[PDB]
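Below are two forms of the same protein chain, given as structure tokens: structure 1, then structure 2.
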Structure 1
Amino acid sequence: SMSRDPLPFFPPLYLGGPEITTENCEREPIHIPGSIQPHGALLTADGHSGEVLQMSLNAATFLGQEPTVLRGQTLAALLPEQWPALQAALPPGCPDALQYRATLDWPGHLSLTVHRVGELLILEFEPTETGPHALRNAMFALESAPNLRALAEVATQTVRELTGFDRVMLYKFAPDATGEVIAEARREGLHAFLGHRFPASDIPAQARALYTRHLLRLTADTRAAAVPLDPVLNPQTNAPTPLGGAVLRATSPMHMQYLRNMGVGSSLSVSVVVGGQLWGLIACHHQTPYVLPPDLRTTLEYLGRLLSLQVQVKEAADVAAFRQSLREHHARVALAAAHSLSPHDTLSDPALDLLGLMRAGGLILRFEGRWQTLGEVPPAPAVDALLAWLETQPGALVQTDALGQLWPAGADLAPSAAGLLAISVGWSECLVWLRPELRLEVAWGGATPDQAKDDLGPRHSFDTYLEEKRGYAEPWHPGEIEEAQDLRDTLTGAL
């Protein structure tokens, strides 16, 4: 499941933490690596006095002064033009997600990004210097996309045209936290991840959780050593420094090794957040090291928000059509059922077509003291056994794309009843939809969820793995389930 809290994390390695393997990678404290990426510099100063507390060891390269020299100095002295503005944009108690950005001139322009975590100020320094109307045209192009897929294509195309990344993907999450590449823009000859599904373990729970709050992260060079902070612990608390809000945060070694195994030299992703949930990612790859300029990144962030809105719109539409047809069918069935004196004969009416309602191949109707069937159904003893299994079921509605999971002794009923959609009307009487077993191949990107726990480190295989799943049927559309509940209410109230 994706709607869950992350597992409690281990202490980091510099605090005596355990080595991170695939057995405990869900518990790596990625938000406190105590280090940054070498393409920029980072300061941590007191939120009230502005006294510099922690510094990256490479700060001399960007600031022109040694770490031991700047340590102890106030931001009021180092940045007299930005310090009051810095304080104004980041009032005490503000979310650590709130960022303030400014440009500075120094012996080369430096982009400064500041945010506030607890009683600490985090300052990021990156060297800095696009298309004139590319963003606007992109926004209108996204809004005028006919459907989700077209929207995804427009987004990937646009991001790749703006950045020049070797690969750009729209990665959509599923409720089971697995994801799927639903659009891809790439250079010729480069391997295609389009249409492939990846295990949830590829993006562990704490990573997803972090990515719900902080919407952009990257790895400029997957072979660059991280630059530690000095001191590594926040002097205020003698505790780790929260770097979740810092784009310069050192990437988890596990994901670094993963990217190197994928043949990726540079990575970047923007979160797509819908209704407070992580819907997907704009995932970017480059075969060679690449530091994307802060302004271009800002453009990508704008794209992230626009996409976050338009996804909701397009999915609302794609739902709306099918749901309209569905509701019309519900109107027919409800009109027919209000006047029924023989529920079996009314619901077995070919005119009503209760089978085409859920696109099912089988139907079991149970009313009065008997049951009837329609279409492809299991044998009568199997029917009675199934009805008993529903009598054992506690819920009001049962839904599955594989009955073999819920009911073991019913796994042999897969040919006619692989998928099941049952509803009770106070389990003496009920309606049961059945879908037959289907030859389904899921294209995984190198491994199934079961295979990811086999290697101690990240895998090296990312080519197409066609998992042939059996005992499964056509997945129940959520709309059809809503329709099932609506039908439960209607039939309960009418009968």
Structure 2
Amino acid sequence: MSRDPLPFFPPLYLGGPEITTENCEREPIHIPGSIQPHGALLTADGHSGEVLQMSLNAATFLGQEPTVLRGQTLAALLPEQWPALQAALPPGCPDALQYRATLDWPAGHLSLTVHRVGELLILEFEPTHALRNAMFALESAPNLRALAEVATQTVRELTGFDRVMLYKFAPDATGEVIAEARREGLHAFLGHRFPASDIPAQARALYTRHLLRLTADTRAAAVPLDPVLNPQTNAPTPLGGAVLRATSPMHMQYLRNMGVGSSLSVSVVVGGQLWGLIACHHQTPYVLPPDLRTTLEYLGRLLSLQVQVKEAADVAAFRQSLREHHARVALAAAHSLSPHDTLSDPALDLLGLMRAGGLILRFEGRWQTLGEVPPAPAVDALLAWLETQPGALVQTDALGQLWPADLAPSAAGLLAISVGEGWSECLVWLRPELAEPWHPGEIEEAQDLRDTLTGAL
């Protein structure tokens, strides 16, 4: 889930491998060299504004002759916008930043979206309060599930989409539909789980930076960029920040198998990490208007923050229940005439403090244990390994990977603190293999215990 994606294969127009379920992660979805036909795309030099590339539908769509359009400057094409465009998108700005305008064209009202990648401007053209009311229901939501339900119902009312889901990522990057608003007659996805590869790592990475993407018509063929390569670089044009970017054929096929005619998702990003997706399906082709997409992008940002805040409160609520327990222990440690007698007291329940299966206590050149632990030789080896570790805290949810593993029945997870320096005196909490991850609160609680014990002893 946090892993960097494997490096991309070349695209099909550069003779790249055919994409299968075995090589999902390596499809270069960001450089399809093509767009969706409900809009037109130009690329232009960031300095001169010379038009370098155009989609093959762009001449017809803008009503200019191909030869005339290619080579023209944005000064000539977009005299009113060109000045504002340069100011809004200065060199080195993020590629997610966008200049947007509304044009009159000989095709009525036309939406223009511009963004910058490297030395290249990418211009996308396409034809062109209920949220405010849902904000109360969003704020009121007493938990993540309730919030998910409100979000999906809200988005469905906004868009008219036949299905709207909140898809939540597990730490292994598998997903679960935790909420769903759907048209009567459709079978429910609610509660269904899906493998990591249904949204592969390069997609999840892309979706952490570019927060909305869509397929307007799942039966429509992509329109190529001409030339397909960027003349500046003689390399593929990055289209990750372009909403008109052509969708992965693999995914479009998957959509068609689901009888989905149109699709849209918005990223839910929490702590720089992709938490989930607002996933929308329509049975029929549907170009969602640009202004409504803006609304969904806003909803995504709001929901992201609501999750971050709610999760922070769960953490704080959990850590509060470790202070009461910690106080009991600090009290005992203050009076202690021997850490062995005090800390091994079942009444103190140092096991339960960390939701551990086992605990090793070493003090005064001897150790003892509570709960399920490895046998004495394994404990001795564990302690000998610990001595080699720098710092005063070691924590792992898979001891095997860090310390190559046979202790996994009782000691798959490990959390150890030095009570002083050198690990001559220490506590080691152990957890069995499924280990259940140490909560960040349990880690800080261990740090607090280190201080307390270091002082008291």
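Here, a residue number simply tells you its place in the sequence of structure 1, counted from 1. Here the rigid core means the biggest group of C-alpha atoms that line up within 1.5 Å when the two forms are laid on top of each other.
- Picking from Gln393, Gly50, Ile182, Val313, the hinge for the rigid motion between the two structures turns out to be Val313.
- Hinge angle between the two structures, smaller rigid part versus larger, from C-alpha superposition: 20 degrees.
- Note on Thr373: its Cα is shifted 11.9 Å between the two structures, core used for superposition.
- The shift recorded for the CA atom of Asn147 between the two structures is 1.0 Å, with superposition on the rigid core.
- Superposing the rigid core and comparing between the two structures gives a CA shift of 0.7 Å at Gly17.
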